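Asks: An experimental structure, sequence included, is below.
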Amino acid sequence: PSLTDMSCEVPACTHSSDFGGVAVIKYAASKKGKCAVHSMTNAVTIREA
Amino acid sequence: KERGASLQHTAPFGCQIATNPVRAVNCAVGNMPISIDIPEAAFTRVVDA
């Protein structure tokens, strides 16, 4: 699958040390399928793989 | 015969006076601090709203 027109917003963020941040990413998918998710920084870790 | 007006008629700040027990009611004087302990269950997350 390929995604376009992607954007991100953060309804809330708390540096609680236990995944206190939440982010919502809008996407347009070319087709149904699965995609891997990874942070591009070491400062922020994403719970979902 | 010479009692004159009672406090429920002469009192400042619109105080109502009652006996048995003696008390003043609803005097419009100053203000009242209130502290509320609100449980986590009472809150809805921004992502839920």
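Replies: All right, it came through fine. Residues are numbered from 1 along each chain as shown, chains lettered A, B, ... in the order given.

Asks: Quick one: end-to-end distance for stretch B:23-33.
Replies: The first and final residues of stretch B:23-33 sit 22 Å from each other (CA to CA, to the nearest Å).

Asks: Show me what that stretch is in contact with.
Replies: Stretch B:23-33 has contacts (CB atoms under 8 Å, 6 or more residues apart in numbering or on different chains) with B:11-18. To be clear about C-beta, it is placed using only N, CA and C from the backbone, and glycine gets the same treatment.

Asks: if we go to 6 Å?
Replies: The set of residues that contact stretch B:23-33 without belonging to it, under CB atoms under 6 Å, 6 or more residues apart in numbering or on different chains, is B:13-17.

Asks: For my notes, please list the residues you listed in JSON lines and give neighbour count and secondary structure for each entry.
Replies: Formatted as JSON lines, the entries for these read as follows, by neighbours: other CB atoms under 10 Å in any protein chain shown; DSSP: H, G, I helix; E, B strand; the rest coil:
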{"residue": "B:13", "neighbour count": "10", "secondary structure": "helix"}
{"residue": "B:14", "neighbour count": "10", "secondary structure": "helix"}
{"residue": "B:15", "neighbour count": "16", "secondary structure": "coil"}
{"residue": "B:16", "neighbour count": "12", "secondary structure": "strand"}
{"residue": "B:17", "neighbour count": "15", "secondary structure": "strand"}
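
Asks: residues near residue 39, how many?
Replies: No chain specified, so I'll use chain A. When neighbours are counted by other CB atoms under 10 Å in any protein chain shown, residue A:39 registers 9.

Asks: not what I meant, chain B
Replies: By other CB under 10 Å, the residues close to residue B:39 number 6.

Asks: For residue A:20, see how far away it is.
Replies: The gap separating residue B:39 from residue A:20 is 19 Å, by CB to CB, to the nearest Å.

Asks: about what we covered before: using JSON lines, please lay out the contacts of stretch B:23-33 together with distance to residue A:14.
Replies: Below are these laid out as JSON lines (distance: CB to CB, whole Å):
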{"residue": "B:13", "distance to residue A:14": "46"}
{"residue": "B:14", "distance to residue A:14": "47"}
{"residue": "B:15", "distance to residue A:14": "48"}
{"residue": "B:16", "distance to residue A:14": "49"}
{"residue": "B:17", "distance to residue A:14": "53"}
